[PDB]
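Take a look at the structure set out below.
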Amino acid sequence: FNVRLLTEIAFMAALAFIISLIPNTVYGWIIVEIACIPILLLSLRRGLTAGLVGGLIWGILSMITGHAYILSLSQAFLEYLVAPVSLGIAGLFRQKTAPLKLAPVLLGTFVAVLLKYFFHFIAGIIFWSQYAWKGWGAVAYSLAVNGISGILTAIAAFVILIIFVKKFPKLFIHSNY
Ligand SMILES: CCCCCCCCCO[C@@H]1O[C@H](CO)[C@@H](O)[C@H](O)[C@H]1O
Ligand SMILES: CCCCCCCCCO[C@@H]1O[C@H](CO)[C@@H](O)[C@H](O)[C@H]1O
Ligand SMILES: CCCCCCCCCO[C@@H]1O[C@H](CO)[C@@H](O)[C@H](O)[C@H]1O
Ligand SMILES: Cc1ncc(Cc2csc(C=O)c2C)c(N)n1
């Protein structure tokens, strides 16, 4: 049903935003983005389009609540529309049939967090270089900050989605009935 789908999309976007309110800073803009997780789960369970749309709504929530860090129109577009929308790419690893296998869950999480932090890394180069550490070029700087955020976000998403695969595998498989 379309009703069920819209609500799940809506709820997971809201959940992501709500989770984004937890302090998640390790050092500067090195962060653990646990708020990616409801979007990943949404995409993994409902597929690409649902995932893309959940990401969109999450990004729009960040911006209109003042919880987004904005430097320009293009940068906000890149980092709060494209980047969260890109998480939906996880939907390409949706499993429709039991038994749930772990490897597609990890593979789709890895690819989507990577795709997300790839866009932040491009952002870092164009929009954030003024903050590059003493002696660091912009590309190197952005790689470390966003390469490390990506890895820690993926670590976090794995821990949680692994627990879910083992204790609640059906979260990942949509049933009409
Ligand atoms: C697709 C829906 C997304 C639109 C939501 C954008 C949220 C508004 C944030 O913009 C803000 O505008 C203010 C006025 O110029 C500036 O004071 C501030 O610096 C800038 O951050
Ligand atoms: C595609 C996402 C929609 C984004 C809408 C919010 C745009 C917020 C604009 O912020 C402002 O941008 C100016 C240049 O763009 C800067 O000069 C200014 O310092 C900065 O505060
Ligand atoms: C997924 C990535 C996570 C690890 C972060 C890697 C840090 C990037 C370092 O880059 C290199 O540092 C050299 C230091 O000598 C510079 O000279 C060189 O120009 C630059 O390219
Ligand atoms: C060096 C660097 N610093 C800050 C950001 C901005 C950023 C990093 S993760 C994330 C998720 O909301 C945002 C807005 C960046 N891209 N690169």
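Going by the structure tokens order, chains are called A, B, ..., each with residues numbered from 1, while ligands are numbered from 1 in the order shown.
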Contacts between ligand 4 and chain A, please, where a residue of chain A counts if it comes within 6 Å (with only C-alpha atoms and all ligand atoms); show its shortest atom pair and distance in Å to one decimal, rows by chain and ascending number, as CSV.
```
residue,atom,partner,partner_atom_place_in_ligand_line,distance
A:29,CA,ligand 4,3 (N),5.2
A:69,CA,ligand 4,14 (C),5.9
A:79,CA,ligand 4,14 (C),5.5
A:120,CA,ligand 4,16 (N),3.7
A:121,CA,ligand 4,16 (N),5.3
A:123,CA,ligand 4,16 (N),4.6
A:124,CA,ligand 4,17 (N),3.4
A:128,CA,ligand 4,1 (C),5.1
A:142,CA,ligand 4,1 (C),4.5
A:145,CA,ligand 4,1 (C),5.6
```
Practice item. Might you pull out every residue within 6 Å of range 10-19 of chain A, with only C-alpha atoms counted and same-chain residues fewer than 2 positions away left off, and present them as a VMD selection string? Key: chain A and resid 6 to 8 21 to 22 35 38 54 57 to 58
What would the file look like if the residues just selected were written as a compact mmCIF listing (two decimals), in the first residue's frame with C-alpha atoms?
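This went into result.txt:
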```txt
# COMPACT_ATOMS: atom_id res chain seq x y z
CA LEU A 6 4.45 7.16 2.88
CA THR A 7 4.20 6.84 6.62
CA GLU A 8 7.33 4.68 6.87
CA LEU A 21 20.09 16.22 17.56
CA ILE A 22 22.39 13.99 19.60
CA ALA A 35 21.34 9.83 11.89
CA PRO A 38 17.06 5.35 9.75
CA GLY A 54 13.54 9.84 2.95
CA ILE A 57 12.89 15.04 3.69
CA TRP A 58 15.60 14.58 6.28
```
Exercise for review: Return as a ChimeraX atom specification the residues of protein, DNA or RNA that approach ligand 2 to within 10 Å, with only C-alpha atoms and all ligand atoms taken into account.
Suggested key: /A:59-60,63-64,68-82
Check your understanding: Per DSSP on the backbone, what are the alpha helix (DSSP H) residues of range 2-51 of chain A, as a VMD selection string?
Key -> chain A and resid 2 to 19 37 to 46 48 to 51
At most 8 Å from ligand 3 (only C-alpha atoms and all ligand atoms): residue list as a compact mmCIF listing (two decimals) with N, CA and C atoms, in the first residue's frame:
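Printed below is part-v8.txt as written:
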```
# COMPACT_ATOMS: atom_id res chain seq x y z
N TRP A 136 48.31 21.75 5.97
CA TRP A 136 47.49 20.85 5.13
C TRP A 136 46.87 21.56 3.94
N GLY A 137 47.08 21.04 2.74
CA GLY A 137 46.28 21.46 1.59
C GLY A 137 44.82 21.06 1.77
N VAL A 139 42.55 19.46 -0.34
CA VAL A 139 42.16 18.10 -0.70
C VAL A 139 42.53 17.14 0.43
N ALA A 140 43.77 17.24 0.92
CA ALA A 140 44.24 16.38 2.01
C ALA A 140 43.39 16.57 3.26
N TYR A 141 43.31 17.83 3.70
CA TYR A 141 42.41 18.17 4.78
C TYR A 141 41.02 17.54 4.65
N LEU A 143 39.97 15.10 2.88
CA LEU A 143 40.03 13.66 2.85
C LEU A 143 40.04 13.10 4.27
N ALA A 144 40.86 13.69 5.12
CA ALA A 144 41.00 13.21 6.49
C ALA A 144 39.74 13.43 7.29
N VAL A 145 39.25 14.66 7.27
CA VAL A 145 38.03 14.98 7.98
C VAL A 145 36.90 14.09 7.48
N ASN A 146 36.65 14.09 6.17
CA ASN A 146 35.42 13.43 5.70
C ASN A 146 35.65 11.90 5.48
N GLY A 147 36.84 11.52 5.02
CA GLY A 147 37.22 10.10 5.03
C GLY A 147 37.04 9.54 6.44
N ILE A 148 37.46 10.27 7.48
CA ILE A 148 37.35 9.69 8.83
C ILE A 148 35.89 9.69 9.32
N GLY A 150 33.28 9.41 7.47
CA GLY A 150 32.62 8.36 6.72
C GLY A 150 32.87 7.01 7.37
N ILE A 151 34.15 6.74 7.67
CA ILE A 151 34.53 5.47 8.28
C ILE A 151 33.85 5.32 9.63
```
Practice item. Run DSSP on the backbone and give me the residues of range 25-61 of chain A it puts in strand (DSSP E or B), as JSON, numbers by chain. Key: {"A": [25, 26, 27, 30, 31]}
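The residue that comes closest to ligand 1, out of A:103, A:61, A:154, A:113 and on the basis of only C-alpha atoms and all ligand atoms, is A:61.
With only C-alpha atoms and all ligand atoms as the basis for measurement, A:65 is the residue among A:2, A:129, A:86, A:65 that approaches ligand 1 most closely.
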